[PDB]
Each structure stands twice: as C-alpha cells, then as structure tokens.
Amino acid sequence: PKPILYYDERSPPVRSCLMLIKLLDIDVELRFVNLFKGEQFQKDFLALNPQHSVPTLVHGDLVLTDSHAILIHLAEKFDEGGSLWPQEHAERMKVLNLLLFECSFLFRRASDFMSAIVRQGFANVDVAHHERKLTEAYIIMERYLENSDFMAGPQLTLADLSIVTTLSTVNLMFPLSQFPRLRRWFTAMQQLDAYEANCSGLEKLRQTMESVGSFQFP
Amino acid sequence: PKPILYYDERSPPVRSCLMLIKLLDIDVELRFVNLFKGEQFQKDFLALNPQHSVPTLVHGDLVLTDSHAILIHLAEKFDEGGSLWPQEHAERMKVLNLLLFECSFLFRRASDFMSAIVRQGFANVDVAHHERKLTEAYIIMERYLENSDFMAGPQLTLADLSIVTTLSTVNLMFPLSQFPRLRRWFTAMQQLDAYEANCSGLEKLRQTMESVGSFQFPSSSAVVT
Ligand SMILES: N[C@@H](CCC(=O)N[C@@H](CS)C(=O)NCC(=O)O)C(=O)O
Ligand SMILES: N[C@@H](CCC(=O)N[C@@H](CS)C(=O)NCC(=O)O)C(=O)O
C-alpha cells in the first residue's frame with residue numbers, strides 16, 4: 001500500500017515531509033488534520049498517534065509519529081543509494097546529528113515562541129526573551145555552515161529539509177540579516193524546485209498566527 | 001581511537017549513553033562537564049558543541065551532540081547486527097520513532113519542569129501545570145506498553161535506554177501508582193545490570209535539584225525495586 005501522510009501544512013515538520021515527497025516524486029495519500037479545530041484529538045487519530053502530532057505516516061503496518069523518522073524512512077525506502085540520507089556511516093551520523101538539533105533545539109525554541117503567541121496573545125509574549133533564544137539558534141547554524149555549503153556537508157541532505165521549514169517559520173518574525181552564511185543558505189534552499197512545497201503552508205501559518213495572536217509579523 | 005564522552009551524569013540523556021556503554025562493555029574515556037557550574041560554556045567545549053549540551057561524543061573525527069545519535073552510532077559500531085538497534089527496517093523505524101518521542105515530548109516536558117525549578121525556585125513553579133504535562137507523557141507511554149512488551153517492541157532496544165533515564169527523573173516527583181504497565185516495565189529495567197549506570201546520576205540529580213530549588217521530592221513517588 002502507498003504511504004498515507006496525516007498533515008496540517010502549517011506545521012514546519014509537515015512541510016519538511018512535503019518537500020521530501022516532492023523531491024523524490026513519492027506517491028502518497030494526503031489526509032488533512034486541522035490542528036486549529038483540534039482534529040488531532042479525534043479518537044481514531046489519538047489511537048493512531050497518542051502524541052496527537054502531525055506529521056504522522058502510515059505505511060502498511062508501520063506508523064511513524066515524528067517527521068525525522070518519516071524523512072529517514074522515506075529516504076531509505078524511495079531513495080536507496082541517494083545523497084539525502086548518505087550511505088557512509090560518518091556522513092549519515094552527521095545528518096542524524098543535525099536532524100536531532102532541529103528537533104531538540106531549533107524546533108523546540110520555535111515552538112515555545114509560537115505556542116506562547118497562541119496561548120497568551122502576541123501582546124503578552126516576552127518577545128525579547130524568545131528573540132534571544134532563537135538568535136542563539138541562528139548563531140549555532142551560522143557556525144554549522146562555516147565549512148560547508150549545506151547544514152550537514154557539501155550536499156543537500158535530509159537535515160536541510162528539516163531545518164529550512166522551521167527556519168522559514170522563525171524568519172517570519174526574526175530576519176536573517178545578521179547571519180550571512182545562514183542567509184546565503186536560506187536563499188539557496190529557496191531556489192530548489194522542491195522548496196515550493198513549503199510556500200503554501202508557511203503563508204497559511206503566517207495568516208493563522210496573525211489572526212489567533214491578534215498581531216502582524218514585520 | 002576510543003570514544004570520548006563529555007558528560008554530566010545528572011543528565012538523563014547522558015545516563016542513557018552510560019547504560020549502553022555498560023551493556024556493551026565499550027571502553028570510553030569520560031570527560032566531566034559540570035552543568036551546574038556552567039562548564040558547558042567554557043570556550044573549548046562551546047567550540048566543540050555550540051549547543052553547550054551533554055552528552056557529547058568524540059569518536060575519531062566524528063562529533064555527536066545528541067544522545068539519540070550517540071546511542072545509534074555506538075550500537076552500529078559495537079552492537080553490529082544486534083537487536084538493540086534492529087536490522088529489519090520496520091523494527092528499526094519503530095525504535096527510531098520512540099527515540100524521537102523521548103527527544104520531542106518526554107524530555108522536552110521533563111526539561112521544562114526541571115528548568116523552571118532551577119530558574120524560579122520550586123515554590124514559584126506552577127507544579128500543577130507540569131504535573132498535567134508529565135502525566136500526559138505517562139499516559140502515552142502506558143499506551144505504548146499496552147501494545148508492546150517493551151517501548152518499541154517485544155525486546156529491549158535503544159528506545160528503552162533513552163526513555164528509562166528521563167522516566168526515572170520525572171518519577172522523582174510524580175508517582176506511577178496509576179500506571180501498571182509503566183511500573184512493570186520500569187521494574188524490569190531496574191533489574192538490568194546496566195541500570196546501575198542510571199542509579200548514581202539520578203541520585204546526584206535529586207540532591208542537586210533539592211539544593212538549587214530549595215525543596216524536597218516526595219520520597220514515596222520514586223519506584224524502587
Ligand atoms: N518532533 C515532532 C514535532 C511534531 C509537532 O509538534 N507538530 C505540531 C505542529 S508543528 C502539532 O502537531 N501540534 C498539535 C498538538 O500538539 O496538539 C516532529 O518532528 O514530527
Ligand atoms: N536532545 C539532546 C538534549 C541534551 C540536553 O539538553 N542536555 C542537558 C542536560 S539534561 C544539558 O546539557 N544542559 C546544559 C545547557 O543547556 O546549557 C540529547 O538528547 O542529547
């Protein structure tokens with residue numbers, strides 16, 4: 001059976017999977033779960049993913065509940081021998097390391113910020129606090145890009161797909177003007193054909209955040 | 001060259017790596033980084049890991065800055081063909097899925113709670129809020145254990161090592177009375193010889209948290225076997 005992707009394209013991790021699907025030309029059935037209607041809490045979805053999170057992938061009997069597992073699974077099944085998920089161990093571990101940085105550091109801080117807006121309203125968020133936390137993430141990624149054109153080495157990998165969507169999301173609020181390597185990398189990522197998969201959901205997130213948070217991004 | 005682990009045993013992700021190192025009898029050089037003295041911001045360590053986090057592994061030219069990459073790398077290098085990081089694709093993805101649950105959900109909520117204690121003092125923490133967030137993680141893990149004997153399947157995997165350290169940390173505060181599958185699984189993990197690598201750092205974390213947060217964990221909460 002073909003993979004089924006439960007998604008809300010406002011989610012950056014969802015968009016990372018949409019980018020990989022477009023890049024690899026994977027035939028996938030999309031199923032929309034409206035997060036702002038709480039549809040991730042529907043009984044059948046909760047039974048599928050008790051974390052009530054998107055993306056969720058069902059591929060035969062395999063149920064994956066994290067974008068980084070989905071990216072790795074789809075690359076191993078549909079891009080065997082490719083460069084996105086390198087076969088050499090040391091290169092593959094470096095890609096894994098940056099996927100985990102996205103999960104544990106960049107997305108965590110991006111999510112803390114956006115969730116504060118949704119829960120408290122923009123006017124009640126300590127913007128300077130989150131600017132510091134997310135600027136530290138920029139500084140780190142700027143250092144990652146010192147030696148290489150891409151996040152995990154000289155070529156595009158799953159790590160770039162994971163990071164670029166969340167970065168595009170934080171960039172709605174905090175510009176990359178002070179980080180030349182990171183701004184160069186982002187501009188290059190935007191020139192990928194597969195980057196078109198990020199556009200619609202980013203804009204829908206922009207609109208939804210501005211309405212629910214009662215503010216406007218700069 | 002032998003792996004070098006930069007570590008503070010009070011960190012649950014560090015303890016997950018320490019458990020794997022003991023289980024596989026890997027010879028590793030330990031290099032202590034005291035998180036509560038701010039040694040992770042020393043210029044040389046920041047250059048090595050700009051996320052200023054432990055565990056950090058240096059193995060030859062490879063530098064890993066996340067416990068879940070370290071667990072996978074060490075399993076592939078010293079448990080080749082083993083079952084901790086299974087060779088069949090679907091089983092391996094399930095282990096990876098639960099590793100990421102620990103990183104994205106359980107540890108995130110456990111860290112939010114402990115960080116608030118250190119930053120604010122326990123008396124100024126919204127403990128009820130964090131009890132709800134961490135009880136929800138308990139429910140999710142109970143659901144996983146209702147469908148499988150261990151976290152990711154019928155046998156011990158890297159996912160159990162990653163999750164048990166953070167679970168034991170959360171359970172210093174919040175009891176597992178209402179979670180029979182979690183209690184049975186946790187008791188089984190505590191029977192492992194490798195669990196010795198979790199005991200000491202858990203106790204040191206308990207002492208440090210009580211000191212810095214000016215409070216006491218409820219002694220009845222922690223599951224002891
Ligand atoms: N680490 C997870 C993060 C998944 C996640 O948090 N998704 C958010 C949207 S960005 C979500 O589904 N929120 C719904 C909820 O938590 O109830 C991954 O990479 O897939
Ligand atoms: N996802 C990372 C989390 C690492 C982490 O946050 N470690 C904490 C200790 S539990 C740390 O080093 N804190 C020091 C700091 O952030 O300055 C992993 O699994 O290794």
Side-chain angles (χ1 to χ4, degrees), chain A residues 5-17 33-42 45-46 49-57 64-72 97 99-108 110-112 114-115 118 133 136 162-163 165-166 169 201 205 208-209, chain B residues 5-17 33-41 45-46 49-57 64-72 97 99-108 110-112 114-115 118 136 162-163 165-166 169 201 205:
Chain A
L5 182 76
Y6 292 86
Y7 83 101
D8 184 320
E9 64 264 73
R10 290 170 287 207
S11 157
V14 160
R15 285 180 264 127
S16 293
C17 296
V33 179
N34 194 328
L35 293 180
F36 286 83
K37 299 288 292 182
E39 294 187 349
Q40 71 273 30
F41 293 109
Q42 195 271 336
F45 191 74
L46 268 183
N49 176 14
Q51 294 170 74
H52 49 86
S53 77
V54 291
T56 293
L57 194 83
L64 306 177
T65 56
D66 188 281
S67 68
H68 311 88
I70 295 167
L71 291 172
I72 287 171
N97 197 63
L99 286 172
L100 289 160
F101 158 83
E102 196 280 337
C103 185
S104 166
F105 201 99
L106 180 59
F107 180 85
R108 181 181 182 180
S111 162
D112 288 339
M114 299 289 176
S115 296
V118 165
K133 296 283 294 279
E136 174 174 9
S162 180
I163 287 162
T165 60
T166 301
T169 301
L205 184 55
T208 296
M209 290 302 304
Chain B
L5 185 72
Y6 291 80
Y7 82 106
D8 184 328
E9 65 263 48
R10 292 168 290 198
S11 158
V14 164
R15 287 181 260 129
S16 310
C17 298
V33 180
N34 193 319
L35 299 181
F36 285 81
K37 294 184 193 292
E39 296 177 0
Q40 72 272 31
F41 297 104
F45 188 78
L46 262 188
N49 175 16
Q51 302 172 65
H52 50 83
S53 66
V54 290
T56 290
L57 192 85
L64 301 179
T65 57
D66 188 283
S67 70
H68 311 88
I70 296 169
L71 293 168
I72 285 160
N97 197 62
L99 286 174
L100 289 156
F101 158 75
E102 197 277 341
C103 177
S104 176
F105 199 101
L106 175 60
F107 177 83
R108 181 180 182 179
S111 170
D112 285 341
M114 303 285 252
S115 286
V118 170
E136 196 199 337
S162 171
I163 287 166
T165 59
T166 305
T169 300
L205 175 61

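Just so you know, ligand 1 is whichever comes first in the structure, and atom 1 is the first atom listed for that ligand. Computed over heavy atoms, backbone and side chain alike; hydrogens, waters and symmetry mates excluded. Just so it is clear: chains get the letters A, B, ... in the order the sequence lines come, proteins before strands, and each one is counted from 1.
Between B:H52 and A:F105, the angle of the ring planes goes over 60°, which puts this pair in the perpendicular group of the 30/60° scheme.
Checked by atom type and distance alone, the side chain of B:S104 never pairs as donor or acceptor with a backbone atom of B:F101 at under 3.5 Å.
In this structure, A:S11 has no side chain to side chain donor-acceptor pair (under 3.5 Å) partners at least two apart in sequence or on a different chain. Legend: residues meeting ring-ring contact (aromatic ring centres under 6.0 Å, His included) with B:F107, ordered by chain and number and at least two apart, are absent. Under the side chain to side chain donor-acceptor pair (under 3.5 Å) criterion, A:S67 pairs with no residue, sequence neighbours left out.
Among protein residues, A:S11, A:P12, A:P13, A:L35, A:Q40, A:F41, A:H52, A:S53, A:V54, A:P55, A:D66, A:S67, A:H68, A:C103, A:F107, B:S104 come within 4.0 Å of ligand 1, judged on heavy atoms.
B:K37 and B:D8 are not joined by a salt bridge, as no carboxylate oxygen comes within less than 4.0 angstrom of a charged side-chain nitrogen.
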